[PDB]
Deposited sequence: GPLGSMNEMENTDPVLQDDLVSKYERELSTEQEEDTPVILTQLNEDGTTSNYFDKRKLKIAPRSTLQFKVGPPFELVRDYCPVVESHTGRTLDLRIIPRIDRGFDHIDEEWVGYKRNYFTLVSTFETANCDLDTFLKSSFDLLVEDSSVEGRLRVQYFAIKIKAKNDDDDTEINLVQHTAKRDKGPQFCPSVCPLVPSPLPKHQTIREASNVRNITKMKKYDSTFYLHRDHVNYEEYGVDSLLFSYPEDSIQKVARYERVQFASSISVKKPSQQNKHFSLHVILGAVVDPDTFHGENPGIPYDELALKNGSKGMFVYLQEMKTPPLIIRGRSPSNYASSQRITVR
């Protein structure tokens, strides 16, 4: 009924089938590590502006809620939240140096203003994009929004336990204890240590996330989870690392820039999950029917 795997940090992931077993909404058993991500590809090379040294990049993603490993499939529920978190790392460049440097895209060089992550859902069989929606903790009593592009600086990915503990914190003292894990406050650095052209100072806002945290995410409510044959559709969640540049023939999305003009989110790397099954609202997807 419950299959348990030991996580990297010593917590457990407890996989169970909601067709057979109903667990409380807030039980820690709803938190678990989801499917591992795999490289789709690398795109545009990035180089440090004087040395010309290639910046090596790696997305570090994990799902921390919403997916169970049930007999060789990864299974989510349309009605329920998932959590997807990601950082990235630069194996050849320590953070302190990285933030003081400046970087170009090797397409012919476009200056990187900042690095950012976006997420996407796709039909894994035909590459069609599927809309995602997020809620706040207030859910129907608050706004719905689509996942946004998240400016980020390189950081280790927090342990599963940490994501779990920070999920619904309000108290100011607890927030202070997690602040350094999730944010860099540019306004608190010594400005005199930085050149005008430094990467840190072309980020759009003073509060810069170290971790992209997409919580309370769902597939759009209109998504069809079965094919006409009644076979399950296969979905996949994608994490894309990009460099945002000022465009004033490679893969990119347009981005609503800070000053208001047309910006470019140039793809650097993309990872994705293996195929995912999503269970819809049918009564037979729930243990109540039995």
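### Unmodelled intervals of the deposited chain, in order
In sequence order, the gaps with no modelled C-alpha are 1-37, 145-150, 292-298, 341-345.
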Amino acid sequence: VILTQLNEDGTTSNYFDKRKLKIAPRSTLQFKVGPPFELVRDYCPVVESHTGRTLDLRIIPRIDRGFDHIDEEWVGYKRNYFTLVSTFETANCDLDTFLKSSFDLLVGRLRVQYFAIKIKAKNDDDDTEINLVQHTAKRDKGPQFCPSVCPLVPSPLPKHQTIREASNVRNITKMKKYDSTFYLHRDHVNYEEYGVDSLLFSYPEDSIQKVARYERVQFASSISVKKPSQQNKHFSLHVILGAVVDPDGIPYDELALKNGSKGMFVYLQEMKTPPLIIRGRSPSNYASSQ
From here on, numbers count along this sequence of modelled residues.
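### Task
Tell me which of 164-172 and 183-191 has the higher mean C-alpha B-factor in the deposited entry.
Averaging CA B-factors over each stretch, the winner is 164-172.
### Query
Mean C-alpha B factor from the entry: is it higher for 222-230 or for 30-38?
In the deposited entry, the stretch with the higher C-alpha B-factor mean is 222-230.
### Query
Based on what the PDB entry reports, which of 46, 241, 60, 257 has the top C-alpha B-factor?
Of the options given, 257 has the highest CA B-factor in the PDB entry.
### Task
Choose from 152, 85, 110, 196 the residue with the greatest Cα B-factor as stated in the PDB record.
110 has the highest C-alpha B-factor of those listed.
#### Entry: Assigned third (lowest, middle, highest) for the C-alpha B factor of residue 217
For residue 217, the deposited C-alpha B-factor lands in the lowest third.
### Query
Taking the C-alpha B-factors as the PDB entry records them, is residue 18 in the lowest, middle or highest third of its chain?
Within its chain, residue 18 is a middle-third residue by C-alpha B-factor, going by the deposited values.
### Message
How does the C-alpha B factor of residue 69 compare with the rest of the chain: lowest, middle or highest third?
### Response
Middle third by C-alpha B-factor.
### Message
Going by the CA temperature factor in the PDB record, which third of the chain does residue 237 belong to: lowest, middle or highest?
### Response
CA B-factor rank for residue 237: lowest third.
### Task
Taking the values exactly as deposited, rank residue 144 by C-alpha B-factor within its chain and report the matching third: lowest, middle or highest.
Residue 144: CA B-factor falls in the highest third of its chain.
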